[PDB]
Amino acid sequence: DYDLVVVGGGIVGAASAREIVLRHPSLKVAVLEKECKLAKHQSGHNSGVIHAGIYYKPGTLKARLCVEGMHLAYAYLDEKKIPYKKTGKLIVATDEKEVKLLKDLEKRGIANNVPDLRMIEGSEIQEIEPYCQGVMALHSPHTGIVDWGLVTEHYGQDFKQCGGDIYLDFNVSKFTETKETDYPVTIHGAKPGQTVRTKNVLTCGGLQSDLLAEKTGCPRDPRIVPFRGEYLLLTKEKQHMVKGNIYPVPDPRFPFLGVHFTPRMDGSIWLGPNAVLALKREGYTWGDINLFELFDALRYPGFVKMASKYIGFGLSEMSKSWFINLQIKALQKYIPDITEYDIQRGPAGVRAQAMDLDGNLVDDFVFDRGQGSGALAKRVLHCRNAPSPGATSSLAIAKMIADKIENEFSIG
């Protein structure tokens, strides 16, 4: 049936399958997606921001992939004529304690060759953002916005135009060895009789990458810990208050960039996302929990270790979500004239945050295969984590994943 099957129709799975068929036009490739459309999850519930590569440690692959992907993204958006807006970014420091870290971000930004990075303070802050306070600001004019869900759909259309097959409504449930065939791996869906046979498998399952890796025989670690990213909607009567992206100076101990003011493609102004621990892999709303997710995430050895040191930051995120009057006061340090009457609760996304046994939040590439003999081992590779930000670096991530499965499966 297929030489290679990619499980996962997100932006990482779609860009991977697209990059693979472009390199190898004779390879019969399929994509299996449990939902009925691409980019239903992480790739369709994001900030829509095209990152430039400021915060990332210089000389590392993460810093390279973001700057790589950003230029590859803008070029791809021009090639396919996908709408986008280069709104620019302002990382605003509110006190002299945040300018010590802001200057560190300036050094990292320049070393990563972020285009046109410049530090700014005084009245120049109100030149870019007339309603924004702040001691000192970092200006990144090439940070833009886009619909990453629409981009993912274009990845799938490019994949199909090269002969690729996309199976929507295909919930991968089990892998089995084919009867003694040239396609030794059959993939089973949740619907009876729904199967697909293949030589090799790559999985890009986002919020369920650890669960997918277990069905091949991989260890439970790194576990995917869901972090809900909630957004607030600024009222249309005050959408003029922000023009581009206004980011805070975040704590560099964590990969999160903090709650930020970001315009959407349709003109809306979204405030977020935050980082509240979800009690469900797809916990898009508060109170939508899964008890197996609760009992297993709390008993995961890495969980207690991270909470032992960073319980305060997580509780502060949840408290500011429970009572948005605490959130708007944090937002008034940047835009003071926003009140509780100007914001409403908006939609949310869920980060697939990888975590090791020590409690560290994994931000590197993690590829994994089972420990069998063995047909389901050796032939099923699981991409359990890709470096952030996955949407901006998607085209650069795809080239790394294409190299990985080429060396792992002897293709080309």
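Just count from 1 along the sequence shown to find any residue number.
The modelled chain breaks between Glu180 and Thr181, where 1 to 3 residues of the deposited sequence lack coordinates. The mean Cα B-factor in the deposited entry runs higher for 110 to 118 than for the other of 110 to 118 and 284 to 292.
Here 100 to 108 and 204 to 212 are compared by their mean Cα B-factor, and 100 to 108 comes out higher.
Remark: of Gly272, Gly163, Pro141, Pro222, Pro141 shows the highest value [criterion: C-alpha B-factor in the PDB entry]. Per the PDB record, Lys236 has a higher Cα B-factor than any other of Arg228, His154, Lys236, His260. Among the modelled residues of its chain, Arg345 has a C-alpha B-factor that falls in the middle third according to the deposited record. Annotation for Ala377: CA B-factor lies in the highest third of the chain's modelled residues.
Remark: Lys305 belongs to the middle third of its chain, ranked by C-alpha B-factor as recorded. Among the modelled residues of its chain, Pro387 has a C-alpha B-factor that falls in the middle third, as given in the PDB entry. Sorting the modelled residues of the chain by their CA temperature factor places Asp147 in the lowest third.
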